[PDB]
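**Q** my sequence and its experimental structure, below.
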Number of protein chains: 2
Amino acid sequence: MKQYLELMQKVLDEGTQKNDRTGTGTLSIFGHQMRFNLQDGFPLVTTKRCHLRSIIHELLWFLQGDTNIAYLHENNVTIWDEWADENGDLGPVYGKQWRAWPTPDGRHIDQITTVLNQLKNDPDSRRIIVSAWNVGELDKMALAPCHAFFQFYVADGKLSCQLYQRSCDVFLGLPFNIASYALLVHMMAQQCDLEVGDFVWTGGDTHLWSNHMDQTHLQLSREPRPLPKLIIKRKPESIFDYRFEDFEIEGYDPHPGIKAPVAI
Amino acid sequence: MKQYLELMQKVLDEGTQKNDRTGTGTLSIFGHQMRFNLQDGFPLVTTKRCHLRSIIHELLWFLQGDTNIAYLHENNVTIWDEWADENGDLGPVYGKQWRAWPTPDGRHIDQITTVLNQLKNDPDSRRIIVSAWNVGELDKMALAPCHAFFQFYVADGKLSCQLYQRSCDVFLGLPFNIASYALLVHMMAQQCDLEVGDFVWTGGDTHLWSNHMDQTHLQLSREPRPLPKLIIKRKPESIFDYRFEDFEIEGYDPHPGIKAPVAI
Ligand SMILES: C#CCN(Cc1ccc2[nH]c(N)nc(=O)c2c1)c1ccc(C(=O)N[C@@H](CCC(=O)O)C(=O)O)cc1
Ligand SMILES: C#CCN(Cc1ccc2[nH]c(N)nc(=O)c2c1)c1ccc(C(=O)N[C@@H](CCC(=O)O)C(=O)O)cc1
Ligand SMILES: *[C@H]1CC(=O)NC(=O)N1[C@H]1C[C@H](O)[C@@H](COP(=O)(O)O)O1
Ligand SMILES: *[C@H]1CC(=O)NC(=O)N1[C@H]1C[C@H](O)[C@@H](COP(=O)(O)O)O1
């Protein structure tokens, strides 16, 4: 997509070389923002083939509050394998914080239900927020949250969302993150009888892994194709009741896939 | 400042009317980003005189972990009066979360100490973060955190910081928030033997209050002036040992102060 390729080129043009926790090395910038008007089309990268199946299942898994990879395996999704323990557990990562953030007094907060209720009853609230950044549980998580904090907004009958992504693997992770949040906006908008607005992506440490450079330049040589279109085929009774088969992506005509290794 | 006035004008031009929490009404946009290179000058708004006394004492108060306004009153700072209870308390707002975030099991994390130690021992970390958005304590706070989540970054010997501000009163609040975080970057950089980099400001619901419009038109009629220079006059033993007298803003030549009412 235009915005995505422009980000790649900005990292290449302006980034600094850094060492990192994995020992692989990155090229990084700090601070970026871009916007996807979801009425223009569904923002799934077209300059390489992306695996929408994994994106949808991962989101459904988050929304169930699950943090064990068994469900992903039942559906042949392997994107979290490298970080799970011997029992498949990731610790209290995204799904757990989204559905059951633990408080100091023994309560658990379902942030997804909270935001749906805010959108329905108080859409001009400036507090329609989900955070995965639970400081007190970071040490139990297999990986610290990358997509850390997000906020919803409503104007002119349209639902928007802004994500703060504190760490972004531009080549491998970002196409998944953008599509995931775009899907979530569509689902939330459906549940709240709203149209779709913008997905605003904001990055912190926004980087290209040193061993993704040939792949990145190959992708940059390609012209984006028209965005595909997302069709939802049912309105479930709640945001937690979607199924994989409720979604169809139409008109997705990507350039060939480009393989790259994930840094563990 | 150029970017600040551009944002003001953008809210006027593109903002939509909202009925908010208080019934006063705003013009609002969603999703914006600005960048201030701190080596270009200290980013204190020059198109009106800003009250540096309040900005500095508020930050020192946060760093003490204090959430009672008595310290502010001792120093003739009244910016938090409208939300404090009869004993001067605001609940577990910024200072408490910064210095003593409570874990579900009765422990605490001092996020500021953690950050200092990350900057000194692991400066390439992608996880140098402070969050005030303690979901499990929001209901105890007098006001939900506005400046909610911030991240540090080190490159080429320079310290940068990005703030996610979920709600932004462009006229009254934003000049304070920018100056506050800029000051914090200078203090942290001093304590860690770094130079200053960028302050990146990212906004969510970014608005002008309906009763700030005359003030906004006045300010937009003024041309910005060169930025002042921050001087720190002694280096304390730690980030927790600064005092008001340690700071001097040199070459601050603002247009006159502009008065406007705060929405409670
Ligand atoms: C974001 C996010 C979710 N996640 C979770 C996740 C966990 C740790 C990470 N670690 C690093 N260094 N980068 C990542 O982006 C990353 C992402 C993903 C993980 C891997 C792939 C990936 O390897 N994709 C390959 C192969 C996909 C497939 O299985 O067919 C690709 O070619 O796209 C995608 C998403
Ligand atoms: C951000 C922030 C901190 N805060 C905390 C704070 C708390 C609640 C708020 N509520 C609303 N609606 N807007 C604010 O920006 C706001 C800010 C501030 C609060 C008030 C002023 C203020 O009234 N400033 C006046 C007068 C300053 C003075 O006392 O001399 C000004 O002219 O600047 C500034 C900062
Ligand atoms: C993490 C998971 C995600 O959803 N998106 C990403 O892009 N993610 C990337 C970001 C980093 O490259 C890596 C995480 O490592 P750190 O915790 O930042 O050291 O995964
Ligand atoms: C809040 C405090 C701050 O530091 N900056 C701000 O700009 N703040 C403004 C934002 C809103 O105008 C108001 C808070 O009200 P909501 O919680 O957003 O309804 O204060």
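**A** Looks like it came in fine. Numbering: from 1, shown residues only, chains lettered A, B, ... in the order given. Ligands and ions are numbered 1, 2, ... in the order given.
**Q** how many residues are close by residue A:257?
**A** 10 (other CB atoms under 10 Å in any protein chain shown). Any C-beta I mention is one placed from the backbone N, CA and C, and that applies to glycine too.
**Q** in contact with residue A:256, which residues?
**A** Applying CB atoms under 8 Å, 6 or more residues apart in numbering or on different chains to residue A:256 gives the contacts A:48, A:49.
**Q** ok, it to ligand 4 distance?
**A** Applying CB to the nearest ligand atom, to the nearest Å, the value for residue A:256 to ligand 4 is 47 Å.
**Q** what about that residue, which helix or strand?
**A** Following DSSP states H and E, one finds residue A:256 outside all helices and strands.
**Q** got the phi and psi for it?
**A** Per-residue torsions, residue A:256: phi -60, psi 150 (degrees, to the nearest 10).
**Q** who are the contact partners of the residue in the stretch 1-150 of chain A positioned nearest to ligand 2?
**A** Nearest residue of the stretch 1-150 of chain A to ligand 2: residue A:126, at 10.1 Å (CB to the nearest ligand atom). For residue A:126, the contact set (CB under 8 Å, 6+ apart) comprises B:20, B:21, B:166, B:167, B:204, B:205.
**Q** likewise residue A:146?
**A** Counting by CB under 8 Å, 6+ apart, residue A:146 has contacts A:165, A:166, A:167, A:168, A:169, A:173, A:177.
**Q** identify, from those residues, the entry nearest to chain B.
**A** residue A:167 (4.1 Å; CB to the nearest CB).
**Q** tell me which other helices or strands the helix or strand containing that closest one touches.
**A** Here residue A:167 sits within strand A:158-169, counting by DSSP H and E. Here strand A:158-169 touches strand A:147-155, helix A:173-191, strand A:195-209, strand B:26-37, going by 3 or more CB pairs under 8 Å, 6 or more residues apart in numbering or on different chains; DSSP states H and E.
**Q** try 6 Å
**A** strand A:147-155, helix A:173-191, strand A:195-209 (3 or more CB pairs under 6 Å, 6 or more residues apart in numbering or on different chains; DSSP states H and E).
**Q** thinking again about what came up before, so how far is residue A:102 from the residue of the stretch 1-150 of chain A closest to ligand 2?
**A** Using CB to CB, to the nearest Å, residue A:126 is found at 25 Å from residue A:102.
**Q** for residue B:94, see how far away the residue of the stretch 1-150 of chain A closest to ligand 2 is.
**A** The value you get for residue A:126 to residue B:94, if CB to CB is used, is 17 Å.
**Q** equivalent analysis for residue A:88, please.
**A** Applying CB to CB, the value for residue A:88 to residue B:94 is 38 Å.
**Q** so these two - more neighbours on which side?
**A** Neighbours of residue A:88 and residue B:94, each counted by other CB under 10 Å, are more numerous for residue B:94; the result is 23 against 15.
**Q** wait, that one touches residue B:131, no?
**A** No: in this structure, residue B:94 is not within contact of residue B:131 by CB atoms under 6 Å, at 10.4 Å.
**Q** now render the helices and strands packed on strand A:158-169 as CSV, adding mean neighbour count and distance to residue A:84.
**A** CSV is the format used below for the helices and strands packed on strand A:158-169 (neighbours: other CB atoms under 10 Å in any protein chain shown; distance: least, CB to CB, whole Å):
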stretch, mean neighbour count, distance to residue A:84
strand A:147-155, 24, 18
helix A:173-191, 22, 17
strand A:195-209, 25, 21
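**Q** any idea how far apart the tips of stretch A:213-230 sit?
**A** With CA to CA, to the nearest Å as the measure, stretch A:213-230 spans 31 Å from end to end.
**Q** sorry, wrong one. I was asking about stretch A:13-20.
**A** Taking CA to CA, stretch A:13-20 runs 20 Å from one end to the other.
**Q** what residues of it count as buried?
**A** The neighbour-count criterion (16 or more other CB atoms under 10 Å in any protein chain shown) identifies A:15, A:16, A:18, A:20 as the buried residues of stretch A:13-20.
**Q** which one of these is nearest to ligand 3?
**A** Closest to ligand 3 out of the buried residues of stretch A:13-20 is residue A:20 (6.3 Å), distances taken as CB to the nearest ligand atom.
**Q** now the closest one: how far from ligand 4?
**A** Applying CB to the nearest ligand atom, the value for residue A:20 to ligand 4 is 33 Å.
**Q** residue A:163 now?
**A** From residue A:163 across to ligand 4, the span is 19 Å (CB to the nearest ligand atom).
**Q** got a list of what that residue touches?
**A** A:147, A:150, A:181, A:201 (CB atoms under 6 Å, 6 or more residues apart in numbering or on different chains).
**Q** wait, the first one touches residue A:166, no?
**A** No: with the criterion set as CB under 6 Å, residue A:147 and residue A:166 do not qualify as a contacting pair; they are 8.2 Å apart.
**Q** got the CA positions of stretch A:170-181 in CSV?
**A** Extracted in CSV, the C-alpha atoms of stretch A:170-181 (Å, rounded to 0.1, in the frame of the first residue of the first chain):
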residue,chain,number,x,y,z
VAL,A,170,7.9,-3.2,9.5
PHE,A,171,8.4,-6.1,7.1
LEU,A,172,6.8,-9.1,8.9
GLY,A,173,4.7,-7.7,11.7
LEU,A,174,3.2,-4.5,10.4
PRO,A,175,1.1,-5.9,7.5
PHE,A,176,-0.6,-8.2,10.1
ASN,A,177,-1.1,-5.4,12.7
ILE,A,178,-2.7,-3.1,10.2
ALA,A,179,-5.1,-5.7,8.8
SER,A,180,-5.9,-7.0,12.3
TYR,A,181,-7.0,-3.6,13.6
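**Q** distance-wise, check the residue lying closest to residue A:198 once chain neighbours are set aside relative to residue A:117.
**A** Nearest residue to residue A:198 in three dimensions, chain neighbours excluded: residue A:160, at 4.5 Å (CB to CB, 6 or more residues apart in numbering or on different chains). Going from residue A:160 to residue A:117 by CB to CB gives 18 Å.
**Q** neighbour count winner among the two?
**A** More crowded of residue A:160 and residue A:117, by other CB under 10 Å: residue A:160, with 23 against 13.
**Q** any idea how far that one lies from residue A:38?
**A** Residue A:160 is 9 Å from residue A:38, by CB to CB.
**Q** among the buried residues of stretch A:13-20, which ones are in strands?
**A** Under the assignment DSSP state E, the buried residues of stretch A:13-20 contribute A:16, A:18 to strands.
**Q** export the buried residues of stretch A:13-20 as TSV, with columns for distance to ligand 1.
**A** Compiled in TSV, those are given as follows (distance: CB to the nearest ligand atom, whole Å):
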residue	distance to ligand 1
A:15	16
A:16	18
A:18	14
A:20	9
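**Q** and the buried residues of stretch A:13-20, which is closest to residue A:192?
**A** Nearest to residue A:192, judged by CB to CB, of the buried residues of stretch A:13-20 is residue A:15 at 38.6 Å.
**Q** mind listing what the residue lying closest to the closest one once chain neighbours are set aside touches?
**A** Counting by CB to CB, 6+ apart, residue A:15 lies nearest to residue A:27, which is 3.9 Å off, once chain neighbours are set aside. Under the criterion of CB under 6 Å, 6+ apart, the neighbours of residue A:27 are A:15, A:17, A:208.
**Q** how close does the closest residue to ligand 4 within chain A get to residue B:206?
**A** As assessed by CB to the nearest ligand atom, ligand 4 sits closest to residue A:126 within chain A, at 3.4 Å. According to CB to CB, residue A:126 and residue B:206 sit 10 Å apart.
**Q** and residue A:7, by the same measure?
**A** Using CB to CB, residue A:7 is found at 22 Å from residue B:206.
**Q** now do stretch A:244-251: distance to the chain's middle.
**A** 18 Å (CA atoms, centre = their mean, to the nearest Å).
**Q** got the buried residues for it?
**A** The neighbour-count check on stretch A:244-251 (16+ other CB under 10 Å) flags A:246, A:247, A:249 as buried.
**Q** what's the end-to-end length of that stretch?
**A** Stretch A:244-251: ends 18 Å apart by CA to CA.
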